[PDB]
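Visitor:
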Amino acid sequence: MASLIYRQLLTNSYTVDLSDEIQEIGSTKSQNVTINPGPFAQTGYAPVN
Amino acid sequence: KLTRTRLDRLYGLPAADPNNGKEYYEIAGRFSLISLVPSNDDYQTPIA
């Protein structure tokens with residue numbers, strides 16, 4: 001009965017995709033920001049006077 | 438040598454003329470430079 005409405009609201013998980021696609025289309029800017037620096041080299045200059 | 442002059446046997450290049458019809462003055466060789474350079478970073482590339 002009402003248990004079937006409970007089950008039915010479980011079943012319709014195939015429109016939550018539309019729900020999230022709307023929010024991601026009308027979402028903000030998307031970022032491909034990418035950086036990955038590792039070890040350093042501790043180099044420099046050795047000038048004579 | 439310098440002839441018909443009282444100042445002779447001048448040694449070295451004078452200031453007048455090394456052209457003499459010579460095509461050029463060629464001095465070949467090589468370089469070897471160790472340089473600090475920022476432009477060869479193949480590293481900070483974005484994904485995709």
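First to last, the sequence lines map onto chains A and D.
Using the UniProt record's numbering, the first residue of the first sequence is number 1, and each one after it goes up by one.
Using the UniProt record's numbering, the first residue of the second sequence is number 438, and each one after it goes up by one.
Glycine included, every Cβ here is placed at the ideal spot set by N, Cα and C.
Rounding to the nearest angstrom, what Cα-Cα distance links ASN12 of chain A and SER19 of chain A in this structure?
Guide: Counting from one through the first sequence, the residue named residue 12 of chain A turns up at place 12. Counting from one through the first sequence, the residue named residue 19 of chain A turns up at place 19. Straight-line Cα distance between these residues: approximately 12 Å.
Visitor: Any idea what DSSP makes of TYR6 of chain A, helix, strand or coil?
Guide: On the first sequence, position 6 is the one that residue 6 of chain A refers to. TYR6 of chain A falls in the helix class under three-state DSSP.
Visitor: When the distance is taken between beta carbons, is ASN32 of chain A closer than 8 Å to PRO483 of chain D?
Guide: Mapped onto the second sequence, residue 483 of chain D falls at position 46. Mapped onto the first sequence, residue 32 of chain A falls at position 32. Their beta carbons are under 8 Å apart, which means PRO483 of chain D touches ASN32 of chain A by this criterion.
Visitor: Output the distance between the C-alpha atoms of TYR461 of chain D and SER469 of chain D, rounded to the nearest integer angstrom.
Guide: On the second sequence, position 24 is the one that residue 461 of chain D refers to. On the second sequence, position 32 is the one that residue 469 of chain D refers to. For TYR461 of chain D and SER469 of chain D, the distance between alpha carbons rounds to 25 Å.
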